[PDB]
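Visitor: I'd like to ask some things about the structure below.
No Cβ is skipped: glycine too gets one built from the backbone with ideal geometry, and neighbour counts run over all protein chains shown. What follows draws every value from the coordinates through simple rules; no lab data is involved.
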Amino acid sequence: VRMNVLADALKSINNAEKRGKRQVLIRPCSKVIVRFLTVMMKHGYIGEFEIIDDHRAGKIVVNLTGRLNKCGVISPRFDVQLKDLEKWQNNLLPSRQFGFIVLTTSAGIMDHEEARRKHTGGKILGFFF
Amino acid sequence: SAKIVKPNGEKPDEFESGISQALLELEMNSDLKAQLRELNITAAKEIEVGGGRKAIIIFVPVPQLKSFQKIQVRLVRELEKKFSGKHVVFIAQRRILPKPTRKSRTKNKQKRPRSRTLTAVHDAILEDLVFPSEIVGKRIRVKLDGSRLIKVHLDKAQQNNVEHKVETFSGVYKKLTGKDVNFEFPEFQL
Amino acid sequence: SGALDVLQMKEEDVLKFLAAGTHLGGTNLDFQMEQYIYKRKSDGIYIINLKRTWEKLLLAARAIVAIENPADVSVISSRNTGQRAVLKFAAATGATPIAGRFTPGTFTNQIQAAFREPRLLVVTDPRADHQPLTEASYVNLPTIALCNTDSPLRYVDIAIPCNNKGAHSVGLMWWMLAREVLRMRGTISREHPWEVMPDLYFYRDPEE
Amino acid sequence: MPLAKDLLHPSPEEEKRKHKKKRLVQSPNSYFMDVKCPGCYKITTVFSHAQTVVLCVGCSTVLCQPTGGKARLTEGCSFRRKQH
Amino acid sequence: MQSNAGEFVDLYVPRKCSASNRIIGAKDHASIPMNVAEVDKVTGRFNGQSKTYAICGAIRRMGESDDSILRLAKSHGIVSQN
Amino acid sequence: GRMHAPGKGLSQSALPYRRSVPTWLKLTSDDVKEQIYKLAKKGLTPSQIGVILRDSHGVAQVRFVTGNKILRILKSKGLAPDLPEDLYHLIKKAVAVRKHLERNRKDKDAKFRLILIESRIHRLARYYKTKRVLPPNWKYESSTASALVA
RNA sequence: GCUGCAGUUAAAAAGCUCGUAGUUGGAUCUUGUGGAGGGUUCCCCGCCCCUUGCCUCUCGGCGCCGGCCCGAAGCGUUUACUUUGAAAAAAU
């Protein structure tokens with residue numbers, strides 16, 4: 001089994017970062033995982049990543065720095081309504097000055113600072129800081 | 001003739017007509033006829049590259065695609081000289097569909113085949129460009145500005161043959177798909 | 001390296017390494033000591049490469065040079081073979097030798113009449129001189145040593161592989177170390193042969 | 001790990017000695033071989049881990065003895081890749 | 001750290017080790033800077049400007065440092081091929 | 001892991017990346033069809049058929065030389081069996097267990113093992129009947145086991 | 001003790017397995033360019049095949065010179081979800 005793909009991915013990157021590894025191996029790839037890691041890269045918590053291709057489900061290899069501290073999954077996937085947002089944002093972030101809870105909306109996957117500017121809630125996926 | 005031996009798709013163009021004319025002429029000629037058969041194409045097109053060179057594209061009906069791919073090198077050689085200094089490559093004419101939801105109107109008449117979807121076509125397109133080498137690996141890289149560059153590891157069978165065509169494929173692919181590609185060869189193969 | 005041949009392997013020294021049996025190495029490996037080995041022999045011996053020895057000798061030595069005052073690069077050895085070697089070492093280049101049993105608490109104490117406070121250490125064989133190594137991480141000393149092929153690496157910033165189960169392998173390696181530091185810091189450099197013998201850096205050994 | 005790992009590119013053949021599905025891209029390690037034993041001059045093709053007796057239609061008609069691993073040959077002749 | 005006032009607050013900015021890109025304490029006594037002396041690389045003689053590195057106590061005490069010092073120095077001198 | 005044993009193992013086959021290999025193959029699509037039809041006559045079933053093709057001929061898989069598979073090829077004839085070979089092999093097995101139990105009644109170990117294989121029939125059946133590959137009136141019984149095995 | 005507890009020895013995992021309900025469940029089916037709003041690519045019209053999917057038309061306006069063009073009419077397989085409106089007694 002592996003009922004949550006996203007949940008198994010992030011624990012690897014958490015464990016790896018602690019030891020100090022700067023290359024990892026994450027499987028299986030999913031499109032959901034790609035856009036996740038895209039957001040995590042833009043802000044600058046991780047570096048460029050390579051998708052190896054198979055004909056099964058792919059595998060991914062990542063280049064990372066010590067900048068990452070902790071990325072989590074939130075299971076099950078709750079709804080957020082842009083007043084429920086603030087209650088969430090307190091609990092998952094160590095500060096008001098940094099960290100980004102991530103979520104998916106009908107306007108696509110993005111961080112919370114961006115979602116508030118689209119004025120649309122949606123389903124929450126994970127978090128990080 | 002030369003304007004009615006290629007079905008609909010850019011019927012009056014000078015070069016494209018002159019391609020078809022000498023193409024079918026050769027196929028009927030007895031110089032080779034053991035790898036050449038009189039058939040029609042379905043279109044053609046000429047597109048440049050920034051390398052300071054032109055390249056011709058020849059599309060085919062696609063079930064007839066199997067026969068065109070057979071000779072493909074000898075034939076291309078003759079047309080490299082006939083249209084001097086241009087590379088010539090075959091490709092397959094593949095249809096691509098909007099989503100079954102929420103653009104073009106349908107009654108859900110069909111299922112939207114996965115052999116007529118977008119992604120399946122762009123994979124098949126890559127196979128034609130580097131046809132005499134075949135494809136051993138694919139890898140992809142993602143850049144910090146959200147761009148993506150698609151490395152393609154090709155077999156070292158017929159390495160040299162497509163290694164003097166290696167840049168010209170990239171400018172071709174850009175125009176056909178929209179995507180960015182690079183090529184390489186490894187030293188390790190099954 | 002990158003210097004023309006004046007910081008690269010010499011034909012002479014290869015003969016000296018092989019005559020002293022430094023290339024041969026013990027019958028065990030670590031997960032950190034497999035990046036200097038090339039491969040194993042027919043025999044249980046595992047063959048250290050000498051190219052890999054030569055580069056590690058240099059940047060190790062360049063760090064020993066980098067201190068402004070050499071009088072506090074404290075060398076240590078407690079096994080018998082590395083006693084005669086270190087004494088000549090610390091005579092040749094300004095250093096402080098600590099021969100025999102270490103007597104622990106040397107740098108940790110404040111009150112002790114044998115108190116020392118160096119900057120670097122150069123230790124023979126980590127698993128005989130474990131006391132000063134542990135104590136190094138209470139006073140922020142960099143550390144250098146001579147590993148066999150199976151000595152534990154932990155509190156060793158840079159290694160200089162060697163056979164070091166005795167013989168001429170010990171004394172030869174300390175001699176070569178002292179040759180390099182003088183070429184770089186001093187004016188002994190001439191790239192033409194040093195007067196001093198590797199002979200009197202070897203073990204005293206029970207005499208005739 | 002030494003924390004110097006390279007997973008972008010495989011190791012020369014230390015990647016190709018691991019279990020077959022722990023390789024970066026999966027592959028079988030089995031292969032075919034084109035066999036022509038004495039007295040029946042035809043290019044027979046046989047899988048390395050055949051699992052079964054393979055026949056020839058000439059004077060010879062036995063070529064394998066089933067084994068859990070690679071099948072034993074009845075006469076030690078002919079090995080090809082072939083090709084890919 | 002900079003306020004909206006432009007006041008550059010915080011008592012000191014702590015050093016960040018090149019070993020694994022993370023920051024050391026102020027009572028971590030296994031964290032060492034190690035100064036390598038450059039040479040001219042034409043004759044083999046001391047020349048001024050040192051290359052200085054810093055390594056954290058955490059990777060040192062588990063014993064990863066031997067590789068880290070090698071990797072740092074391999075992209076420079078006096079190791080360029082090993 | 002195994003559905004009624006504790007073990008966790010691997011022995012799963014792994015296919016190559018390239019599927020146009022090994023590029024010398026004798027015979028083409030139409031030829032492969034008649035090669036298959038001959039075998040199904042002789043009492044072989046789709047798993048056996050593909051083995052006897054792969055081992056002694058240039059075929060790796062019929063998937064890689066046609067758009068079909070072994071079962072679909074037989075289905076186009078109407079020469080496909082009336083129920084999956086998978087389902088059959090479970091039912092085929094459980095009768096022999098019931099025979100051993102009638103011949104020896106102190107074998108509690110056998111009695112236990114029958115319950116495992118029994119439940120494994122019902123589970124497999126509950127796949128097929130929703131996919132309409134069996135009658136929805138069909139049910140497994142002692143009686144139906146007797147009739148389907150002989 | 002949902003947020004937010006605990007079960008080796010402090011209170012505590014059914015002797016063990018099977019099994020219907022319940023709960024939970026792998027991957028897979030789209031990206032670039034001029035104008036407009038904000039940077040130096042990136043997020044209302046369009047373009048490669050698509051772009052609010054279609055037609056078919058006919059009745060009641062808008063046009064241009066009988067003839068022609070485009071808004072409103074059926075809808076995109078269904079839900080949840082999210083966002084906006086409508087709708088809500090007072091006191092507190």
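Visitor: Fewest Cβ neighbours within 10 Å first, please rank D:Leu7, C:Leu7, B:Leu32 accordingly.
Guide: Values: D:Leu7 18, C:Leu7 23, B:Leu32 13.
Taking fewest neighbouring Cβ atoms as first place, the list is B:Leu32, D:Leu7, C:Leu7.
Visitor: Okay, moving on. For the charge dipole of the protein assembly as shown, defined by +1 on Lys and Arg C-beta atoms and -1 on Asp and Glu C-beta atoms about the Cα centroid, which residue among C:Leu177, F:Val97, A:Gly122 has the Cα displaced farthest towards the positive pole?
Guide: F:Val97
Visitor: Any idea what angle helix E:65-74 forms with the longest principal axis of chain E, computed on alpha-carbon atoms, 0 to 90 degrees, nearest 10?
Guide: The angle comes out near 70 degrees.
Visitor: In Å and from the alpha-carbon atoms only, list the Rg and Dmax of segment C:116-208.
Guide: Rg and Dmax of segment C:116-208, Cα atoms, are 15.2, 45 Å.
Visitor: Using each residue's phi in segment C:182-195, evaluate 6.51 cos²θ - 1.76 cosθ + 1.60 at θ = phi - 60° and report the 3J(HN,Hα) Karplus result to the nearest Hz, with x for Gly and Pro.
Guide: Coupling constants for segment C:182-195: 7, 5, 8, 8, x, 8, 6, 4, 7, 6, 8, x, 5, 6 Hz.
Visitor: Continuing with this model, one more query. Just to confirm my numbers, what's the Cα centroid distance between segment C:83-160 and segment A:72-129 in Å?
Guide: 54 Å
Visitor: Using the Karplus curve 6.51 cos²θ - 1.76 cosθ + 1.60 with θ = phi - 60°, what ³J(HN,Hα) values do you get for each residue of segment A:119-124, in whole Hz, with x for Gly and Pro?
Guide: Each residue of segment A:119-124 in turn: 6, 9, x, x, 9, 8 Hz.
Visitor: Another question, if that's okay. Give me the orientation-averaged projected area of the Cα convex hull of segment F:81-150, in nm², one decimal. Provide the component values of the computation, followed by the final result.
Guide: Values: hull surface 19.1 nm².
Mean shadow area of the hull around the Cα atoms is 4.8 nm².
Visitor: Sticking with this one: Among the trypsin sites (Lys or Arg not before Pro) in segment B:51-157, which ones are in a DSSP loop with at most 12 other Cβ atoms within 10 Å of the Cβ? Mind listing them? The partial results should precede the final answer.
Guide: Working: sites: B:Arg53, B:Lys54, B:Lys66, B:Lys70, B:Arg74, B:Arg77, B:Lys81, B:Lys82, B:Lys86, B:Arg94, B:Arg95, B:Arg102, B:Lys103, B:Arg105, B:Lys107, B:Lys109, B:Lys111, B:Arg114, B:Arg116, B:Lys138, B:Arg139, B:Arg141, B:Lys143, B:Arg148, B:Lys151, B:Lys156; in loops: B:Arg53, B:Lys86, B:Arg94, B:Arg95, B:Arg102, B:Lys103, B:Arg105, B:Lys107, B:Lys109, B:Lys111, B:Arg114, B:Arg116, B:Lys143, B:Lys156.
Qualifying residues, ordered by number: B:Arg95, B:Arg102, B:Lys103, B:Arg105, B:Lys107, B:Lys109, B:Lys111, B:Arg114, B:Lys143.
Visitor: Given the options D:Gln26, D:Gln51, D:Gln65, state which has the largest fluctuation in a GNM of chain D using a 10 Å cut-off (strictly under) for Cα springs.
Guide: Answer for the Gaussian network model of chain D: D:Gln26.
Visitor: Here's something else I'd like to know. Would you work out the charge dipole size for the protein assembly as shown about its Cα centre, treating the Cβ of every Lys and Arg as +1 and the Cβ of every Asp and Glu as -1, and quote it to the nearest 20 debye?
Guide: Values: 141 positive and 84 negative charges, 1152 e Å.
Its charge dipole is roughly 5540 debye.
Visitor: Of the residues F:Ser47, F:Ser13, F:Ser29, which exhibits the maximal mean-square fluctuation in a Gaussian network model of chain F defined by a 10 Å Cα contact cut-off?
Guide: The residue that fluctuates most here is F:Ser13.
Visitor: So for segment B:55-133, Kirkwood radius off the Cα pairs, Stokes-Einstein at 20 °C and 1.002 mPa s: how many µm² s⁻¹? Can you show the working numbers first?
Guide: On the way: Rh = 14.6 Å.
For these conditions, the coefficient is 147 µm²/s.
Visitor: Could I ask something else about it? Compute the longest continuous run of chain F that contains no exposed trypsin sites (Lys or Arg not before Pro); treat a site as exposed when its DSSP state is not H, G, I, E or B and it has at most 16 other Cβ atoms within 10 Å.
Guide: Details: sites that count: F:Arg2, F:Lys8, F:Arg19, F:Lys26, F:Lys42, F:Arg63, F:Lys69, F:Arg105, F:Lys106, F:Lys129, F:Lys131, F:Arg132, F:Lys139.
Result, exposed sites excluded: F:70-104.
Visitor: Here's a follow-up. In which sequence would E:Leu72, B:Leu118, B:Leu79 go, from the one with the fewest C-beta neighbours within 10 Å to the one with the most?
Guide: B:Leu118, E:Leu72, B:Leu79
Visitor: When only C-alpha pairs under 8 Å and at least 6 residues apart count, what is the relative contact order of chain A, in percent?
Guide: Over chain A, the number comes to 24 percent.
Visitor: While we're on this one: Provide, as a two-decimal number, the C-alpha radius of gyration of chain A over 2.2 N^0.38 Å, N being how many residues it has. The partial results should precede the final answer.
Guide: Working: Rg = 14.7 Å, N = 129, 2.2 N^0.38 = 13.9 Å.
So the Cα radius of gyration is 1.05 times the expected 2.2 N^0.38 Å.
Visitor: Over chain F, what portion of Cα pair distances is larger than 22 Å, expressed as a whole percent?
Guide: It works out to 57 percent of all Cα pairs.
Visitor: Chymotrypsin sites (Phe, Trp or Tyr not before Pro) within segment A:67-109: which are DSSP loop residues with at most 10 other Cβ atoms inside 10 Å?
Guide: Numbers: sites: A:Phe78, A:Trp88, A:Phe98, A:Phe100; in loops: A:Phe78, A:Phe98.
Those that pass, being in a loop and sparsely packed, are A:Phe98.
Visitor: Here's something else I'd like to know. Name the long-range amide H neighbours of C:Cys147: under 5 Å, sequence gap of 5 or more, or other chain; modelled H, no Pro or chain starts.
Guide: Answer set, sorted by chain and number: C:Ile160, C:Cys162.
Visitor: Find how many whole Å separate the alpha carbon centroid of segment F:42-121 from the alpha carbon centroid of segment D:1-50.
Guide: Distance between centres, Cα-based: 30 Å.
Visitor: Now a separate question. Taking θ as phi - 60°, what are the ³J(HN,Hα) couplings along segment E:36-42 by the Karplus curve (6.51, -1.76, 1.60), each to the nearest whole Hz, with x for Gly and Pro?
Guide: Those phi angles translate into 9, 8, 6, 10, 5, 6, 9 Hz.
Visitor: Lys and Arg at +1, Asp and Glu at -1: add these up for the other residues within a Cβ distance under 15 Å of C:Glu207 and post the number. Walk me through the numbers before you get to the answer.
Guide: Details: positive: C:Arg84, C:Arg204; negative: C:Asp199, C:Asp205, C:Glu208.
Summing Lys and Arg as +1 and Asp and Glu as -1 gives -1.
Visitor: May I pose another question? Pick out, in residue order, every one of the GluC sites (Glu not before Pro) in segment D:12-84 that is DSSP loop and has at most 10 other C-beta atoms within 10 Å; say none if there are none. Each step should come with its number before you reach the end.
Guide: Working: sites: D:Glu13, D:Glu14, D:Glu15, D:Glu75; in loops: D:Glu13, D:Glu14, D:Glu15, D:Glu75.
Answer in residue order: D:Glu13, D:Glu14.
Visitor: Determine the shielding of peptide A:47-60 by partner chains: average, over its residues, the number of Cβ atoms on other chains within 10 angstrom of each Cβ. Could the numbers behind the result be given before it?
Guide: Numbers: counts 2, 4, 4, 8, 7, 9, 9, 6, 8, 5, 0, 1, 3, 2.
Mean shielding by partner chains, rounded to a whole number: 5.
Visitor: Would you grab the residues whose amide H sits under 5 Å from the one on B:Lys138? Only those 5+ places off in sequence or on another chain, please, with H modelled 1.01 Å from N.
Guide: For B:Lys138, the qualifying residues are A:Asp53, B:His153.
Visitor: Once amide H atoms are placed 1.01 Å from N in the peptide plane, what residues at a sequence separation of 5 or more from F:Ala80, or on another chain, have their amide H within under 5 Å of its amide H?
Guide: F:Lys75
Visitor: Please report the base-10 log of the normalised intensity I(q)/I(0) for the protein assembly as shown, using a Debye sum with one equal scatterer per alpha carbon and no solvent, at each q in 0.07, 0.10 (1/Å).
Guide: The Cα Debye sum returns log10 ratios of -0.89, -1.28.
Visitor: For chain A, what is the charge dipole size about the Cα centre, in debye to the nearest 20, if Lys and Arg each add +1 at the Cβ and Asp and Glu each add -1 at the Cβ?
Guide: Values: 22 positive and 12 negative charges, 45 e Å.
Charge dipole of chain A: 220 debye, to the nearest 20.
Visitor: Also: Which of the listed residues, C:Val122, C:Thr96, C:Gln32, is farthest toward the dipole's positive end in chain C, when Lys, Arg count +1 and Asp, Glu count -1 at the beta-carbon?
Guide: Checked the options; the winner is C:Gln32.
Visitor: Given bins 10 angstrom wide, list per bin the percent of all Cα-Cα distances in segment A:1-68, short to long.
Guide: 20, 58, 21, 1
Visitor: A further question follows. Evaluate 2.2 N^0.38 Å with N set to the residue count of chain D, then give the Cα radius of gyration divided by it.
Guide: On the way: Rg = 18.1 Å, N = 84, 2.2 N^0.38 = 11.8 Å.
The value comes to 1.53.
Visitor: Moving to a separate point now. Which one, D:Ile43, D:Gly58, D:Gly69, is farthest towards the positive end of the dipole of chain D when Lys and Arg carry +1 and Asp and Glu -1 on their Cβ?
Guide: D:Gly69
Visitor: Same structure again: On alpha carbon coordinates alone, what is the Rg over Rh value for segment C:13-208, Rh being the Kirkwood radius?
Guide: Numbers: Rg = 16.5 Å, Rh = 17.3 Å.
Over the Cα atoms of segment C:13-208, Rg/Rh equals 0.95.
Visitor: How long, wide and thick is chain B, going by the Cα atoms along their three principal axes, in whole angstroms, largest first?
Guide: For chain B, the Cα extents along the three principal axes come out at 53, 52, 34 Å.
Visitor: Placing unit charges on C-beta atoms (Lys and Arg positive, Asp and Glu negative, everything else neutral), compute the dipole magnitude of chain F about its Cα centre in debye, rounded to 20.
Guide: On the way: 32 positive and 12 negative charges, 86 e Å.
Computed about the Cα centre, the dipole is about 420 debye.
Visitor: Quickly estimate the mean residue ellipticity at 222 nm for the protein assembly as shown, helices only: each DSSP H run with n ≥ 4 gives -39500 (n - 2.57), and the total goes over all residues, rounded to 500. Please list the in-between numbers first.
Guide: Details: 22 runs with 245 residues, N = 843.
Result for the protein assembly as shown: -9000 deg cm²/dmol, rounded to the nearest 500.
Visitor: Neighbour counts of other C-beta atoms within 10 Å: give me C:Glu11, B:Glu46 arranged from fewest to most. Mind showing how you got there, number by number?
Guide: On the way: C:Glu11 6, B:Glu46 15.
Ordered from fewest to most neighbouring Cβ atoms within 10 Å, C:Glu11, B:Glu46 come out as C:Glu11, B:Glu46.
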